[PDB]
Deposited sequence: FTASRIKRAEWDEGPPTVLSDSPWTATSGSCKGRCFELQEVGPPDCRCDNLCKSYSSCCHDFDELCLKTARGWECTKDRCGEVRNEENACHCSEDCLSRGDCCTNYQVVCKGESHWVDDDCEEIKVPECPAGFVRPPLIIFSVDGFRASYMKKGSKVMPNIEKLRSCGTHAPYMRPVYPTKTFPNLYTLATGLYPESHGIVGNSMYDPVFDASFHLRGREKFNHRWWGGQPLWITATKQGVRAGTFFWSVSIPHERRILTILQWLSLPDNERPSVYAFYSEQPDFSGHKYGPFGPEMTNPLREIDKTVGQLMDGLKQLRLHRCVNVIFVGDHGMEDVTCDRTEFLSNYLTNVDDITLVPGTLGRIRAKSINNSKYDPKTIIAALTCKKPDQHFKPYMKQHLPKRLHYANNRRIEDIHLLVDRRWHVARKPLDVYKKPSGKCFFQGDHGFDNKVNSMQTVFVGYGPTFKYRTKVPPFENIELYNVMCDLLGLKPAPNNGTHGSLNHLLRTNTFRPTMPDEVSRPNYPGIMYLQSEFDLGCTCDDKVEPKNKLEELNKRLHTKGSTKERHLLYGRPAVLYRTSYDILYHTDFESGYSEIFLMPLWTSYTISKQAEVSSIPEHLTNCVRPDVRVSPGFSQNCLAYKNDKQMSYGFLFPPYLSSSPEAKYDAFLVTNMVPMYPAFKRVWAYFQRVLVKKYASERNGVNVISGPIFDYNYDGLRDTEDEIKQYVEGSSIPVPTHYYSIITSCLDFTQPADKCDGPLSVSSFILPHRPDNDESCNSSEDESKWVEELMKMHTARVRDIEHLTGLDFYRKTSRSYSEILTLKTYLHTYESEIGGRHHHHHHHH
């Protein structure tokens, strides 16, 4: 109940929400059908429109007018935004040459530069170039300020997940807004675009920017606008708030535009009807900047112009129907569209079986336009599994397509020509970022980055300590002129042991064999040197990784590679090696095919054994440093040590051997040498974080050898590829992956073909940031470079996407 009998007189767009049943006058009251009876009349004035005209100049104030052109309007803070242009012969902001803003130029009593977040829904990255002729205000912000060529959204590329990620710095699996529609099985409640359940606080996790600000004594404008409040009134409201006394005035403000998303759905991303919405958004930016210039705040405020996601061509006819695949389609519930989420229609149905649904949806049609996954098998870069609102069965939909349960859902729920939601690396889903103001740099282009990083920077701009989040604080320091955040590298928690030769061959009873008993002071001294670390500077180029948790491990040196060997998990945590451009690939010699050799530096008790692999009929093994890339026949024996062995399903060995035998040398050729660090990952609870030993669900049969859920590799070279990877003076270049360690290749529909036709495609889908690997391993990489720490933070957040140019 709202007793809408109170009044909005002197309360229009009040910042504190008053509690039911008292009537509200805040910018959201319409959304809750809760506004006082005189809210439209007093707060949503429209009379005479939004612009001064010559005949209005110097007028007698009429409080009925939408905005004012009278002599008093500046002191009142309510002039029309073009007042000074029309009436005082000033220029529009967009017509002034840009001039660097070296320091805040703020009025007396401003404690900090205010921040204004100008968010545009569905603003695809390529609109910044493609629409630049019709968007002169936005083009001045972009060219004069700090911009990226695009900013990567989170998955799914839907409105609420991305808006709340911008606000929190968190992945949707962590903030809890994992779609525009959701079912939470614990609450037994549904979140929908229409209706009241979405207003319940229990959906919204983490700590959004407006709460972080308020808790730390920084006042925030209300971020949310009822859809029916016109944009001109939203801008005038912000400009009025900026005129408040010092003690009442917010320091952070948000504007939101439903365009260009609203038209993009109707017309497609580049429909000819899209020019007008882009022109209207640009006019809104012009009103804000003219209004700021009128208040002498246009070289005081930091402005962020940011989108949530892009927009792709999608029409009714490109829909896949589950009724074409499933015999049992009425027993499932699908959340449909540009991603699919499947669960049982009834929890009382004992016949429901996810394995049979996945199989029925796997590689069934030649050009099938979706791929089913259990959520734990989704690419780890999506970080889309650790939330009970994410259904176990997920369908990744190809760009330009939809999935639906039955055809009647599509024509009986055509219209639309655009949509979004697809994989966040898809080029059409990328969006925009520009920052303009005293705290951002001048005429500066920065490389693409992810939207989870922006919460930390907004906290930086307001002097706030961010709540714990998934950004890497410091990684965006290169956007900023001041207020950088300068972190220290984390402290190493476990120091390594450096074992020498401690065991005799006969102490090992591992069931392993090797034809290596074939036999010199010249050469013998040289091999002892290699085992003591004499080639380590060639193969460990950026320092050893730091281990950030408590464990027991050994560093092991060899001619061609260095590793950090875990006594607890019985395999390397990491193996590091450098392959120059001139390196030659060789075969595994016949006499060594089944060779595994005890490592006399490491106890039998801390080693794997071959008999376990012989007994486990599903499990084989591979090697982290590949025998194919040995530097000499004698060095190749090191590659067959038991301490270089890892458990691998035969299906996965197809992938790994092609990577090792073919792709590593191809990358070294292409990049002028590469340094490779590879290793296992254990994430049985799919939380994106390193498992402890008691979280491991699968072991090589009969043994204590844990089975990895994934295998990673980090591939680093010199950004200036005229310098070899091992002799690089400047910035680095990286690409990485996290491959799922699966007992079949069902994910790859062409896997019956030669690995040259499918493996690299798999690896691109599972591209990763170094930072993703850090979370999954508890390791910290690039500890010893000659580069600035913030530059290394940016490197660790890089994702190689393999998409063509935006």
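S.K.: Note down, first to last, the deposited-sequence stretches for which the model contains no C-alpha atom.
M.R.: Those stretches are 1-23, 437-440, 547-548, 836-846, listed in order.
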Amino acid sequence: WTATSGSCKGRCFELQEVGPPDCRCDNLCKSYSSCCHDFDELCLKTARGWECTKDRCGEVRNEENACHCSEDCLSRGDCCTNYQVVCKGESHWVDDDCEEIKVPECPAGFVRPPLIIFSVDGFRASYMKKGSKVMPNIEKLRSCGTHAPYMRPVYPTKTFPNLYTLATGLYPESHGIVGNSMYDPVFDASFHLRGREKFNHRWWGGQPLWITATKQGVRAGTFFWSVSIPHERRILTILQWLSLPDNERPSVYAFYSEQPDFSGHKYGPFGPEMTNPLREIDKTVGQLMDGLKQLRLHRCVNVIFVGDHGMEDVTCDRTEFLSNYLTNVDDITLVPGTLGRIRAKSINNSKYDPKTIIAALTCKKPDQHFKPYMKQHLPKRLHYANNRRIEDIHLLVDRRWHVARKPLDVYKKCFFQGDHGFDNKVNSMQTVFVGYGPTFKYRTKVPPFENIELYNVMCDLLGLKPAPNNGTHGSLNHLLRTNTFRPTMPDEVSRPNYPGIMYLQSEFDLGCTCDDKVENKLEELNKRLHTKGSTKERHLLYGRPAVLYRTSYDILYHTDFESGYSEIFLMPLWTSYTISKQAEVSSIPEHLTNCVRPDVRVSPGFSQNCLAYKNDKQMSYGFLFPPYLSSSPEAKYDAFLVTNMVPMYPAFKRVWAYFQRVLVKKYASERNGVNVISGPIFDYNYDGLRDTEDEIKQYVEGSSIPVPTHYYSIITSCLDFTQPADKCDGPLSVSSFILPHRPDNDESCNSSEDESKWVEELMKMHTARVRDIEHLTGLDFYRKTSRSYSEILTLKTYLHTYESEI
From here on, numbers count along this sequence of modelled residues.
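Basically, rigid core = biggest C-alpha set you can superpose within 1.5 Å across the two forms.
S.K.: Once everything is fitted on the core, do the CA positions of 549-557 or those of 520-528 lie farther from the shown form in 6 other deposited structures of this protein?
M.R.: Looking at 520-528 and 549-557 in 6 other deposited structures of this protein, the bigger mover is 520-528.
S.K.: Could you settle it for me: does 389-397 or 78-86 have the higher average Cα B factor in the PDB entry?
M.R.: If you average the C-alpha B-factors of 389-397 and of 78-86, the larger mean comes out for 78-86.
S.K.: Can you tell me which stretch has the higher mean Cα B-factor, 292-300 or 359-367?
M.R.: Result: 359-367.
S.K.: Per the entry, which of 733, 672, 675, 534 tops the list for Cα B factor?
M.R.: Checking the PDB record, the top C-alpha B-factor among 733, 672, 675, 534 is at 534.
S.K.: For the listed residues 718, 182, 518, 600, which one has the largest C-alpha B-factor as given in the deposited model?
M.R.: Of the options given, 518 has the highest CA B-factor in the PDB entry.
S.K.: Sorting the chain's CA B-factors, does residue 790 end up in the lowest, middle or highest third?
M.R.: Tercile = middle for this residue's CA B-factor.
S.K.: Residue 784's Cα B-factor: lowest, middle or highest third of the chain?
M.R.: CA B-factor rank for residue 784: middle third.
S.K.: Thinking about Cα B factors across the chain, which third does residue 53 belong to?
M.R.: Tercile = highest for this residue's CA B-factor.
S.K.: Consider only the C-alpha atoms of the modelled residues in this chain, order them by B-factor as the entry records it, and name the third containing residue 775: lowest, middle or highest.
M.R.: For residue 775, the deposited C-alpha B-factor lands in the lowest third.
S.K.: How does residue 67 rank on Cα B-factor within its chain, lowest, middle or highest third?
M.R.: CA B-factor rank for residue 67: highest third.
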